[PDB]
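A quick write-up on the structure given underneath.
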Amino acid sequence: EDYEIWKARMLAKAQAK
Amino acid sequence: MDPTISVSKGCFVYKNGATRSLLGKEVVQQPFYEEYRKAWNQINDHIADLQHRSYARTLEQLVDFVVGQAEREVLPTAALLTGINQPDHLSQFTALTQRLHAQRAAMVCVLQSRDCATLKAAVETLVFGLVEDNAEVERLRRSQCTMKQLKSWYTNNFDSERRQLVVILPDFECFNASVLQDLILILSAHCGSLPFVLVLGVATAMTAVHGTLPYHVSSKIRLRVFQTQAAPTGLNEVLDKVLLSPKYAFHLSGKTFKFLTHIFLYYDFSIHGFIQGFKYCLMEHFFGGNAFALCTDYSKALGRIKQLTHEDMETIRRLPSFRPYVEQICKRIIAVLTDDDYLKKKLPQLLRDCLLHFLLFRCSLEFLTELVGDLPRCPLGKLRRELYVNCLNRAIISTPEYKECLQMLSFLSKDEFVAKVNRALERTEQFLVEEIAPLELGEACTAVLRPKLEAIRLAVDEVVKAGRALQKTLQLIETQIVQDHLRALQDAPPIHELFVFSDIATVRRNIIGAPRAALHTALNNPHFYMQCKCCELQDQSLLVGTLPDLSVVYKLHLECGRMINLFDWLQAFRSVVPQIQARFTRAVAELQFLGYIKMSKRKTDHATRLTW
Amino acid sequence: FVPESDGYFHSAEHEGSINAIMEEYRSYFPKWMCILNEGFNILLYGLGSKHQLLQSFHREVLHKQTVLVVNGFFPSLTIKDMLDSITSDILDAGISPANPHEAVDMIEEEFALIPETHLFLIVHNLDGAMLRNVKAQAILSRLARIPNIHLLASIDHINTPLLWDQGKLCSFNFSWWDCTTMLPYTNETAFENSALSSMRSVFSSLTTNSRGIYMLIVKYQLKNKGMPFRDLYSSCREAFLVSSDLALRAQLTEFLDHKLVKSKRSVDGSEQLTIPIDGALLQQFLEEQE
Amino acid sequence: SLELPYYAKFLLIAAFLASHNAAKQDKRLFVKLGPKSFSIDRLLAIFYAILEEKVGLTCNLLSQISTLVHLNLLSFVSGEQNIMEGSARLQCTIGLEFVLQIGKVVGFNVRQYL
Amino acid sequence: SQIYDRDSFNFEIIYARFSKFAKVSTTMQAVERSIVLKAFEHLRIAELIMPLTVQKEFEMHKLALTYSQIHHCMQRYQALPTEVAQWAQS
DNA sequence: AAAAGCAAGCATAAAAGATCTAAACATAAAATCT
DNA sequence: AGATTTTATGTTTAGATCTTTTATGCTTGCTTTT
């Protein structure tokens with residue numbers, strides 16, 4: 001997993017929480 | 001062509017004001033260069049101090065031998081059974097010259113094998129070294145430095161006072177035999193008139209000294225044998241006292257540790273090559289940015305956190321251990337992944353966590369290594385370095401060898417078991433008092449570790465004052481020392497990547513040199529390097545027609561026998577793909593230039609392969 | 001690369017790809033400057049020619065530092081030439097002493113006298129045609145030991161580290177770098193280290209009597225499928241092609257100079273005169289002379 | 001009492017087998033007067049035959065060959081001027097008992113191949 | 001030299017021929033190979049043995065003596081043990 | 001019958017042995033500084 | 001009118017050369033065991 005798409009998906013999981 | 005490519009000259013000066021710190025000020029004023037230079041100066045000075053403290057006993061014995069000859073025909077002479085690692089011993093002989101000059105007991109010449117191809121050159125460099133060494137303590141041409149001039153110079157100077165004339169011969173094995181025997185007979189002829197002492201540097205054994213010195217030459221020899229310590233003992237001393245010291249914030253990973261010791265034990269016993277490889281590891285670690293300049297002692301680390309910019313924040317976010325730290329945590333992770341200042345305020349807790357974990361790792365290792373390596377068969381090894389590599393490379397409790405250690409420690413009688421655990425407790429407490437108390441962040445480390453040691457000592461008192469309690473003592477030792485303070489490197493606290501160095505591939509590439517592997521994978525599959533869209537081979541023996549021209553000739557070469565006629569080789573290459581004959585001649589000339597083939601001399605238009 | 005011993009006991013798109021490879025190796029350069037600053041020396045061990053890469057390093061990065069380029073692929077360079085070049089041009093110290101290790105001792109003293117006067121030393125093909133002896137590698141290792149002198153070097157031969165023992169390999173504080181360009185070995189093989197038409201071209205320049213002497217050797221070779229010297233001497237004195245023996249020896253010395261004739265002496269003392277060309281082409285040459 | 005690196009020990013016992021076993025017996029021992037001359041490629045072939053581990057041909061291994069030559073553990077009976085061209089001939093110059101001691105420390109039983 | 005008709009010898013051949021006597025000599029059992037090697041070098045530096053002009057233990061050599069000189073040494077020698085005097089005859 | 005083994009043969013080459021020559025070293029003529 | 005590099009010159013020794021001679025080795029041509 002690339003760092004950029006992982007950081008973006010984790011920010012999406014935070015903002016969707 | 002290029003102006004550098006000349007038919008006449010071979011060397012091309014580009015002088016820019018040379019008469020009779022390469023980097024600019026941007027790099028030297030960067031913090032990562034400062035922390036790298038600081039850690040390297042500390043590590044290099046500690047290793048030099050260890051080497052001097054190991055050599056000092058043999059140094060005092062050699063200086064006492066020279067002064068004892070000075071208190072007083074055969075020339076006195078001192079064989080020094082030094083190790084295979086010849087370059088390292090020049091510092092030893094230099095320390096011997098420093099001691100002999102500081103006592104004013106002797107003057108020293110050093111006879112390298114490169115300077116003494118003949119007896120004339122040996123006598124000239126010997127007399128020139130003695131006279132210029134005396135001149136350097138407080139220039140004749142080398143054509144006129146006769147031994148008679150050495151006698152006249154010694155009578156003009158030191159006859160009124162006796163300085164010894166020590167003649168170090170550091171590379172005894174490299175000498176011509178006849179020149180060395182004639183030189184020993186010459187120095188033996190001048191004994192009484194000139195006080196000579198002949199220390200030697202025998203890398204092999206005394207049988208070489210008894211072999212190269214004949215009956216006539218050994219009739220005039222009164223040699224005494226000194227022994228330098230073994231190279232693996234010096235490696236173990238450096239690895240335990242320097243690379244495993246608590247006080248350095250930079251640690252190698254277990255793979256890099258095993259790789260550098262593998263180069264030492266399996267290839268060359270030079271300490272200097274191991275030191276340069278550790279220096280390359282330190283440089284490859286610290287040149288990744290100012291985020292790796294955080295890897296230092298705790299106060300300068302807090303100053304580095306308050307110095308930081310934004311690319312350093314990005315490269316402390318990108319490192320792999322941060323991702324479990326984020327997913328094991330919403331507004332806090334928005335402030336961590338975006339706000340930057342919150343990560344600047346939260347860095348000191350993570351840095352103190354990592355430094356405290358590595359201090360507890362070293363203390364729990366200083367506990368466990370005695371208790372494990374005293375055992376017969378040693379499942380985890382004797383010294384601290386093997387248990388360091390084992391506990392870092394993988395989780396220790398899940399290994400079969402830890403089960404073997406628990407079984408063989410369970411089989412002990414009560415007296416040796418209680419004596420072993422008490423020896424581990426006394427050794428760990430002595431280490432906590434001696435080495436962790438002066439260190440910064442060592443008070444908190446002692447505060448974490450010491451009640452656990454008191455609980456293990458209470459379990460020892462419980463098994464003393466009362467069979468099955470030994471299993472409870474093993475459980476206390478496992479879950480307060482091995483489980484908590486000896487985690488695998490993947491289970492280290494987050495942003496431990498700033499402190500360990502685990503990138504073994506690029507450093508193994510840049511230290512271990514394998515030209516033949518690069519030439520092999522370049523002459524077999526060019527697609528590995530060129531990355532063409534057409535030149536890929538599904539297997540390495542295919543020989544496709546779109547290959548670069550050296551590869552086709554190399555494969556038609558590889559697929560046959562030793563002696564190779566050029567003509568059917570040319571027909572096969574012409575069948576694969578005028579200018580084609582010139583391309584074949586260019587490929588055969590390049591393949592000869594690499595040494596893979598050679599032209600035959602006895603048989604025209606043929607070639608023999610030098611490879612097998 | 002883990003070779004098996006049984007082989008001894010039984011004995012377009014390419015331009016863009018090469019340009020991307022060269023741009024990556026050009027991107028490596030600041031790391032090489034820091035590595036050279038730390039005391040390591042650079043060694044390149046790729047497949048193709050690395051002349052243009054080290055020339056680009058000298059051109060783009062070392063544009064103002066003192067630099068001694070050394071062409072190791074030169075057939076006729078000597079280590080005395082390189083030590084004389086350093087001693088005379090870098091330090092203005094005159095000619096180096098005739099013992100090369102004395103010259104390295106002198107260079108070490110004079111470079112100890114001048115800190116922050118670094119001398120870069122670029123050696124294309126450290127395994128060069130005249131650097132393959134152990135002594136020149138010992139001189140190069142003693143020069144690379146100096147803190148002032150930094151060294152970049154290329155390696156091409158497969159058997160190069162057979163001459164580096166651990167002392168030289170410790171003096172050569174190498175940082176190995178796989179710079180595998182795919183460029184052809186033009187300049188490295190352009191030098192001297194790596195026929196009926198020529199016979200006609202030299203036969204045209206000869207005089208009539210030399211043509212008769214060579215035609216006599218050609219007729220004897222085609223008739224007998226090397227002639228003794230006495231038969232050629234009697235045939236030339238019968239055909240009036242020579243005045244005495246010594247002029248015939250001068251003509252055969254000219255033929256040996258122009259390689260038309262090989263002279264193979266016999267155990268009996270007679271001189272044999274082989275023509276080193278196959279008899280079909282020799283028969284065609286005799287038909288050309290008619 | 002001559003401490004050695006591990007691969008230097010295998011190189012030294014391989015040079016002893018190359019100088020002690022003659023050229024013809026390698027085909028029967030490894031496919032699976034005085035000391036004999038041996039070329040360096042014969043030494044590498046016997047070393048890879050007795051190694052049973054197959055390390056790569058790095059710079060350090062041929063450097064171990066040259067530094068065994070420099071310690072007078074091996075010798076240059078000929079060649080010298082052309083070590084790289086394959087015309088060089090080496091000659092092992094140690095006794096059998098040191099080879100048996102090295103084979104005790106290593107665990108390679110030398111006497112099977114003699 | 002008498003057996004092989006003045007062929008060149010070697011330290012190994014001469015040490016083997018000496019040890020075949022030394023195993024039954026009952027006075028020469030105690031010598032080391034190194035003492036015999038230093039004795040061979042002591043013979044070489046007196047030019048009683050000359051090189052044919054390779055390890056020092058394997059270099060080929062020539063005797064520099066007629067057999068009559070060694071035979072007169074056998075009679076002129078002082079305190080010669082009888083075992084050596086019997087071995088010299090055969 | 002397959003592949004290791006002994007005389008044969010020219011050939012690079014290696015010693016050598018004289019021999020000639022180029023560069024390093026000792027030395028004298030001389031402008032130069034005092 | 002005297003000291004100092006400076007330069008031009010001669011000698012000497014190490015290296016290039018010519019030549020003979022000798023040898024191991026590269027290849028050949030049978031030769032012979034498995």
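Identifiers for the structure tokens are assigned positionally: chains receive A, B, ... in sequence, residues are indexed from 1 per chain, and ligands are indexed from 1 in the order shown.
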Please, which residues in chain B fall within 7 Å of chain C when counting only C-alpha atoms, and what is the closest atom pair and distance in Å to one decimal for each, ordered by chain then residue number, as a Markdown table?
```
| residue | atom | partner | partner_atom | distance |
| --- | --- | --- | --- | --- |
| B:10 | CA | C:71 | CA | 5.4 |
| B:11 | CA | C:70 | CA | 4.5 |
| B:12 | CA | C:69 | CA | 5.1 |
| B:13 | CA | C:68 | CA | 4.7 |
| B:14 | CA | C:67 | CA | 5.1 |
| B:15 | CA | C:66 | CA | 5.0 |
| B:16 | CA | C:66 | CA | 5.4 |
| B:18 | CA | C:90 | CA | 5.8 |
| B:19 | CA | C:91 | CA | 5.7 |
| B:20 | CA | C:91 | CA | 4.9 |
| B:21 | CA | C:37 | CA | 6.8 |
| B:22 | CA | C:37 | CA | 5.7 |
| B:23 | CA | C:37 | CA | 6.9 |
| B:87 | CA | C:167 | CA | 6.0 |
| B:273 | CA | C:170 | CA | 6.6 |
| B:510 | CA | C:176 | CA | 4.7 |
| B:511 | CA | C:175 | CA | 6.1 |
| B:513 | CA | C:176 | CA | 5.8 |
| B:515 | CA | C:45 | CA | 5.5 |
| B:516 | CA | C:158 | CA | 6.0 |
| B:517 | CA | C:1 | CA | 5.1 |
| B:518 | CA | C:46 | CA | 6.5 |
| B:519 | CA | C:47 | CA | 5.5 |
| B:522 | CA | C:47 | CA | 6.5 |
| B:530 | CA | C:17 | CA | 5.6 |
| B:531 | CA | C:17 | CA | 6.9 |
| B:532 | CA | C:13 | CA | 6.7 |
| B:562 | CA | C:11 | CA | 6.5 |
| B:589 | CA | C:194 | CA | 6.6 |
| B:590 | CA | C:185 | CA | 6.2 |
| B:594 | CA | C:157 | CA | 4.6 |
| B:595 | CA | C:157 | CA | 5.7 |
| B:612 | CA | C:8 | CA | 5.0 |
```
At most 12 Å is the cut-off: for each residue in chain E with any atom that close to an atom of chain B, write down the nearest atom pair and the distance in Å rounded to one decimal, counting only C-alpha atoms, chain first then increasing number, as JSON lines.
```
{"residue": "E:34", "atom": "CA", "partner": "B:210", "partner_atom": "CA", "distance": 8.9}
{"residue": "E:35", "atom": "CA", "partner": "B:215", "partner_atom": "CA", "distance": 9.9}
{"residue": "E:36", "atom": "CA", "partner": "B:215", "partner_atom": "CA", "distance": 11.2}
{"residue": "E:37", "atom": "CA", "partner": "B:211", "partner_atom": "CA", "distance": 9.3}
{"residue": "E:38", "atom": "CA", "partner": "B:215", "partner_atom": "CA", "distance": 5.8}
{"residue": "E:39", "atom": "CA", "partner": "B:215", "partner_atom": "CA", "distance": 7.8}
{"residue": "E:40", "atom": "CA", "partner": "B:215", "partner_atom": "CA", "distance": 9.2}
{"residue": "E:41", "atom": "CA", "partner": "B:215", "partner_atom": "CA", "distance": 6.4}
{"residue": "E:42", "atom": "CA", "partner": "B:215", "partner_atom": "CA", "distance": 6.1}
{"residue": "E:43", "atom": "CA", "partner": "B:215", "partner_atom": "CA", "distance": 9.8}
{"residue": "E:44", "atom": "CA", "partner": "B:215", "partner_atom": "CA", "distance": 9.9}
{"residue": "E:45", "atom": "CA", "partner": "B:216", "partner_atom": "CA", "distance": 7.9}
{"residue": "E:46", "atom": "CA", "partner": "B:216", "partner_atom": "CA", "distance": 10.3}
{"residue": "E:55", "atom": "CA", "partner": "B:211", "partner_atom": "CA", "distance": 10.5}
{"residue": "E:56", "atom": "CA", "partner": "B:211", "partner_atom": "CA", "distance": 8.7}
{"residue": "E:57", "atom": "CA", "partner": "B:211", "partner_atom": "CA", "distance": 9.7}
```
Writing out the chosen residues with N, CA and C atoms as a compact mmCIF listing (two decimals), in the first residue's frame:
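Saved to again-v4.txt:
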```
# COMPACT_ATOMS: atom_id res chain seq x y z
N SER E 34 62.61 -30.84 11.90
CA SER E 34 63.21 -29.51 11.80
C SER E 34 64.71 -29.52 12.05
N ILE E 35 65.20 -30.41 12.92
CA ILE E 35 66.64 -30.49 13.16
C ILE E 35 67.35 -31.08 11.95
N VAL E 36 66.74 -32.07 11.30
CA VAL E 36 67.30 -32.61 10.07
C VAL E 36 67.25 -31.58 8.95
N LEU E 37 66.24 -30.72 8.95
CA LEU E 37 66.16 -29.67 7.93
C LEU E 37 67.24 -28.61 8.14
N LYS E 38 67.47 -28.21 9.40
CA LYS E 38 68.56 -27.28 9.67
C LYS E 38 69.92 -27.90 9.41
N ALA E 39 70.06 -29.22 9.62
CA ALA E 39 71.29 -29.90 9.23
C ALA E 39 71.48 -29.93 7.71
N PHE E 40 70.39 -30.06 6.96
CA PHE E 40 70.48 -30.00 5.50
C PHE E 40 70.87 -28.61 5.02
N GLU E 41 70.35 -27.57 5.67
CA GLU E 41 70.78 -26.21 5.34
C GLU E 41 72.24 -25.96 5.74
N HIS E 42 72.70 -26.59 6.83
CA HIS E 42 74.10 -26.50 7.21
C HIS E 42 75.00 -27.20 6.21
N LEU E 43 74.52 -28.28 5.60
CA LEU E 43 75.24 -28.88 4.48
C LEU E 43 75.25 -27.95 3.27
N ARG E 44 74.14 -27.24 3.05
CA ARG E 44 74.03 -26.40 1.86
C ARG E 44 74.91 -25.15 1.94
N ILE E 45 75.09 -24.58 3.13
CA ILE E 45 75.90 -23.36 3.23
C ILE E 45 77.40 -23.62 3.20
N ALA E 46 77.83 -24.86 3.37
CA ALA E 46 79.23 -25.22 3.23
C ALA E 46 79.59 -25.55 1.79
N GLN E 55 59.94 -24.61 -3.30
CA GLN E 55 60.10 -24.53 -1.86
C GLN E 55 61.49 -25.01 -1.45
N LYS E 56 61.94 -24.52 -0.29
CA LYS E 56 63.27 -24.87 0.21
C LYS E 56 63.36 -26.35 0.59
N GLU E 57 62.24 -26.97 0.93
CA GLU E 57 62.22 -28.40 1.24
C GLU E 57 62.11 -29.27 0.00
```
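Interatomic distance, atom CA of residue 249 of chain B to atom CA of residue 478 of chain B: 26.5 Å.
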I'd like the contact shell of residue 12 of chain F - 10 Å cut-off, only C-alpha atoms (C1' of nucleotides), skipping same-chain residues fewer than 2 positions apart - returned as an mmCIF file with C-alpha atoms (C1' of nucleotides), in the first residue's frame.
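Result went into result-v3.cif, see below:
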```cif
data_model
loop_
_atom_site.group_PDB
_atom_site.id
_atom_site.type_symbol
_atom_site.label_atom_id
_atom_site.label_comp_id
_atom_site.auth_asym_id
_atom_site.auth_seq_id
_atom_site.Cartn_x
_atom_site.Cartn_y
_atom_site.Cartn_z
ATOM 1 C CA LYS B 601 48.055 -17.354 -30.929
ATOM 2 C CA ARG B 602 49.036 -20.848 -32.118
ATOM 3 C "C1'" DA F 14 61.491 -17.214 -21.625
ATOM 4 C "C1'" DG G 25 52.964 -25.109 -23.279
ATOM 5 C "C1'" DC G 26 49.323 -25.060 -27.069
#
```
List every residue of chain F that has an atom at most 9 Å from any atom of segment 3-24 of chain G, giving for each one its closest atom pair and the distance in Å to one decimal, counting only C-alpha atoms (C1' of nucleotides), sorted by chain and then by ascending residue number, as a Markdown table.
```
| residue | atom | partner | partner_atom | distance |
| --- | --- | --- | --- | --- |
| F:13 | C1' | G:23 | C1' | 8.9 |
| F:14 | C1' | G:23 | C1' | 7.8 |
| F:15 | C1' | G:22 | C1' | 7.6 |
| F:16 | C1' | G:21 | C1' | 8.1 |
| F:17 | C1' | G:19 | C1' | 8.1 |
| F:18 | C1' | G:19 | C1' | 8.1 |
| F:19 | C1' | G:17 | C1' | 7.3 |
| F:20 | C1' | G:17 | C1' | 6.9 |
| F:21 | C1' | G:16 | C1' | 7.2 |
| F:22 | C1' | G:15 | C1' | 8.2 |
| F:23 | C1' | G:14 | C1' | 9.0 |
| F:24 | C1' | G:13 | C1' | 8.4 |
| F:25 | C1' | G:12 | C1' | 7.9 |
| F:26 | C1' | G:11 | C1' | 7.7 |
| F:27 | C1' | G:10 | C1' | 7.9 |
| F:28 | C1' | G:9 | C1' | 7.6 |
| F:29 | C1' | G:8 | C1' | 7.5 |
| F:30 | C1' | G:6 | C1' | 7.5 |
| F:31 | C1' | G:6 | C1' | 7.3 |
| F:32 | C1' | G:4 | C1' | 7.3 |
| F:33 | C1' | G:4 | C1' | 7.3 |
| F:34 | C1' | G:3 | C1' | 7.8 |
```
When the cut-off is 9 Å and we count only C-alpha atoms, which residues of chain E are near chain D, given as an mmCIF file with N, CA, C and O atoms, in the first residue's frame?
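Result file is out.cif:
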```cif
data_model
loop_
_atom_site.group_PDB
_atom_site.id
_atom_site.type_symbol
_atom_site.label_atom_id
_atom_site.label_comp_id
_atom_site.auth_asym_id
_atom_site.auth_seq_id
_atom_site.Cartn_x
_atom_site.Cartn_y
_atom_site.Cartn_z
ATOM 1 N N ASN E 10 66.796 -34.368 -3.193
ATOM 2 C CA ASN E 10 65.784 -33.484 -2.638
ATOM 3 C C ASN E 10 65.865 -33.650 -1.132
ATOM 4 O O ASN E 10 66.418 -34.638 -0.647
ATOM 5 N N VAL E 54 60.194 -22.635 -6.206
ATOM 6 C CA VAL E 54 60.305 -23.963 -5.623
ATOM 7 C C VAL E 54 60.598 -23.801 -4.133
ATOM 8 O O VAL E 54 61.393 -22.946 -3.746
ATOM 9 N N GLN E 55 59.935 -24.606 -3.303
ATOM 10 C CA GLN E 55 60.101 -24.533 -1.858
ATOM 11 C C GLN E 55 61.493 -25.007 -1.449
ATOM 12 O O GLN E 55 62.156 -25.764 -2.163
ATOM 13 N N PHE E 58 61.814 -28.695 -1.161
ATOM 14 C CA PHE E 58 61.643 -29.467 -2.382
ATOM 15 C C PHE E 58 62.615 -29.101 -3.493
ATOM 16 O O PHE E 58 62.478 -29.630 -4.601
ATOM 17 N N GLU E 59 63.566 -28.203 -3.247
ATOM 18 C CA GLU E 59 64.529 -27.827 -4.274
ATOM 19 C C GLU E 59 65.478 -28.978 -4.579
ATOM 20 O O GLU E 59 65.965 -29.656 -3.673
#
```
Please return, as a ChimeraX atom specification, all residues of segment 37-283 of chain C that DSSP assigns to strand (DSSP E) on the basis of the backbone. /C:41-44,66-71,119-124,149-154,174-177,227-228,262-265,271-274
Next, the residues of the selection above should be written as a PDB file, in the first residue's frame with C-alpha atoms.
```pdb
ATOM      1  CA  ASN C  41      36.230   6.333  -3.044  1.00  0.00           C
ATOM      2  CA  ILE C  42      33.827   5.624  -5.890  1.00  0.00           C
ATOM      3  CA  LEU C  43      34.060   2.492  -8.034  1.00  0.00           C
ATOM      4  CA  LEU C  44      31.780   1.765 -10.991  1.00  0.00           C
ATOM      5  CA  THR C  66      41.660  20.300  -9.123  1.00  0.00           C
ATOM      6  CA  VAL C  67      41.269  17.150 -11.237  1.00  0.00           C
ATOM      7  CA  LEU C  68      43.740  14.679 -12.767  1.00  0.00           C
ATOM      8  CA  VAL C  69      41.927  12.584 -15.364  1.00  0.00           C
ATOM      9  CA  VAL C  70      43.803   9.346 -16.104  1.00  0.00           C
ATOM     10  CA  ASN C  71      42.947   7.247 -19.164  1.00  0.00           C
ATOM     11  CA  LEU C 119      42.943  16.557  -5.699  1.00  0.00           C
ATOM     12  CA  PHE C 120      40.230  14.586  -7.443  1.00  0.00           C
ATOM     13  CA  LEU C 121      41.518  11.598  -9.388  1.00  0.00           C
ATOM     14  CA  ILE C 122      39.353  10.091 -12.126  1.00  0.00           C
ATOM     15  CA  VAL C 123      40.673   6.806 -13.527  1.00  0.00           C
ATOM     16  CA  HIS C 124      38.669   5.332 -16.363  1.00  0.00           C
ATOM     17  CA  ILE C 149      43.130  12.807  -2.701  1.00  0.00           C
ATOM     18  CA  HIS C 150      39.691  11.480  -3.649  1.00  0.00           C
ATOM     19  CA  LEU C 151      39.317   8.772  -6.280  1.00  0.00           C
ATOM     20  CA  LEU C 152      36.682   7.787  -8.816  1.00  0.00           C
ATOM     21  CA  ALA C 153      37.395   4.753 -10.952  1.00  0.00           C
ATOM     22  CA  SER C 154      35.904   2.393 -13.522  1.00  0.00           C
ATOM     23  CA  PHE C 174      35.706   1.751  -2.169  1.00  0.00           C
ATOM     24  CA  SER C 175      32.002   2.504  -2.340  1.00  0.00           C
ATOM     25  CA  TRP C 176      30.863   0.173  -5.106  1.00  0.00           C
ATOM     26  CA  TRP C 177      28.202   1.543  -7.455  1.00  0.00           C
ATOM     27  CA  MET C 227      62.330 -23.421 -50.505  1.00  0.00           C
ATOM     28  CA  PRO C 228      65.927 -23.804 -49.315  1.00  0.00           C
ATOM     29  CA  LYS C 262      58.633 -16.139 -43.525  1.00  0.00           C
ATOM     30  CA  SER C 263      62.170 -17.414 -42.908  1.00  0.00           C
ATOM     31  CA  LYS C 264      62.352 -20.704 -40.992  1.00  0.00           C
ATOM     32  CA  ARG C 265      65.870 -21.952 -40.291  1.00  0.00           C
ATOM     33  CA  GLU C 271      67.302 -21.161 -44.486  1.00  0.00           C
ATOM     34  CA  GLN C 272      63.753 -22.079 -45.521  1.00  0.00           C
ATOM     35  CA  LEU C 273      61.543 -19.512 -47.291  1.00  0.00           C
ATOM     36  CA  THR C 274      57.848 -20.174 -46.699  1.00  0.00           C
TER      37      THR C 274
END
```
All residues 6 Å or closer to residue 89 of chain D, only C-alpha atoms (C1' of nucleotides), same chain fewer than 4 positions away omitted, as a PyMOL selection string: chain D and resi 37-39+78-79
Residues of chain A no more than 9 Å from chain B, counting only C-alpha atoms: send them over as a VMD selection string. chain A and resid 3 to 4 6 to 7 10 to 11 13 to 15 17
Write a file of the just-selected residues containing N, CA, C and O atoms, as a PDB file, in the first residue's frame.
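Saved result, part26.pdb, follows:
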```pdb
ATOM      1  N   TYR A   3       1.936   5.116   0.506  1.00  0.00           N
ATOM      2  CA  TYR A   3       1.714   6.002   1.646  1.00  0.00           C
ATOM      3  C   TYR A   3       0.668   7.072   1.360  1.00  0.00           C
ATOM      4  O   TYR A   3      -0.099   7.436   2.260  1.00  0.00           O
ATOM      5  N   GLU A   4       0.593   7.560   0.121  1.00  0.00           N
ATOM      6  CA  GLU A   4      -0.329   8.650  -0.185  1.00  0.00           C
ATOM      7  C   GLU A   4      -1.775   8.169  -0.183  1.00  0.00           C
ATOM      8  O   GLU A   4      -2.645   8.799   0.430  1.00  0.00           O
ATOM      9  N   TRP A   6      -2.822   5.499   1.304  1.00  0.00           N
ATOM     10  CA  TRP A   6      -3.140   5.049   2.655  1.00  0.00           C
ATOM     11  C   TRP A   6      -3.489   6.224   3.556  1.00  0.00           C
ATOM     12  O   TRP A   6      -4.442   6.149   4.340  1.00  0.00           O
ATOM     13  N   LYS A   7      -2.718   7.310   3.464  1.00  0.00           N
ATOM     14  CA  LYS A   7      -2.994   8.506   4.249  1.00  0.00           C
ATOM     15  C   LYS A   7      -4.319   9.142   3.840  1.00  0.00           C
ATOM     16  O   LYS A   7      -5.084   9.603   4.698  1.00  0.00           O
ATOM     17  N   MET A  10      -7.104   6.827   5.199  1.00  0.00           N
ATOM     18  CA  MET A  10      -7.246   6.976   6.644  1.00  0.00           C
ATOM     19  C   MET A  10      -7.889   8.308   7.004  1.00  0.00           C
ATOM     20  O   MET A  10      -8.686   8.382   7.949  1.00  0.00           O
ATOM     21  N   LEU A  11      -7.573   9.369   6.253  1.00  0.00           N
ATOM     22  CA  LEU A  11      -8.263  10.635   6.464  1.00  0.00           C
ATOM     23  C   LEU A  11      -9.734  10.545   6.078  1.00  0.00           C
ATOM     24  O   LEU A  11     -10.577  11.182   6.716  1.00  0.00           O
ATOM     25  N   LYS A  13     -11.500   7.733   6.388  1.00  0.00           N
ATOM     26  CA  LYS A  13     -12.097   6.978   7.486  1.00  0.00           C
ATOM     27  C   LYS A  13     -12.269   7.835   8.735  1.00  0.00           C
ATOM     28  O   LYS A  13     -13.187   7.595   9.527  1.00  0.00           O
ATOM     29  N   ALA A  14     -11.406   8.834   8.924  1.00  0.00           N
ATOM     30  CA  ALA A  14     -11.585   9.750  10.046  1.00  0.00           C
ATOM     31  C   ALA A  14     -12.732  10.719   9.788  1.00  0.00           C
ATOM     32  O   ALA A  14     -13.569  10.955  10.667  1.00  0.00           O
ATOM     33  N   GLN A  15     -12.781  11.297   8.586  1.00  0.00           N
ATOM     34  CA  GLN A  15     -13.823  12.261   8.254  1.00  0.00           C
ATOM     35  C   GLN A  15     -15.192  11.616   8.075  1.00  0.00           C
ATOM     36  O   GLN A  15     -16.209  12.301   8.220  1.00  0.00           O
ATOM     37  N   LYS A  17     -16.108   9.200  10.093  1.00  0.00           N
ATOM     38  CA  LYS A  17     -16.432   8.684  11.415  1.00  0.00           C
ATOM     39  C   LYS A  17     -17.269   9.687  12.197  1.00  0.00           C
ATOM     40  O   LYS A  17     -18.281   9.325  12.799  1.00  0.00           O
TER      41      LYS A  17
END
```
Chain B residues within 8 Å of chain D, counting only C-alpha atoms: which ones, as a list in words? residues 83, 84, 173, 174, 203, 204, 205, 264, 265, 266, 267, 268, 269, 512, 513, 514, 515, 516, 517, 595 and 610 of chain B
Output as a list in words the set of chain D residues within 12 Å of chain F, with distances taken over only C-alpha atoms (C1' of nucleotides). residues 23, 24, 25, 27, 28, 78 and 79 of chain D
To test your reading of the structure, identify every residue in segment 305-515 of chain B that backbone DSSP assigns to alpha helix (DSSP H), and report it as a ChimeraX atom specification. /B:305-307,311-317,322-327,331-337,341-373,384-393,400-410,414-431,443-465,469-477,504-511,515
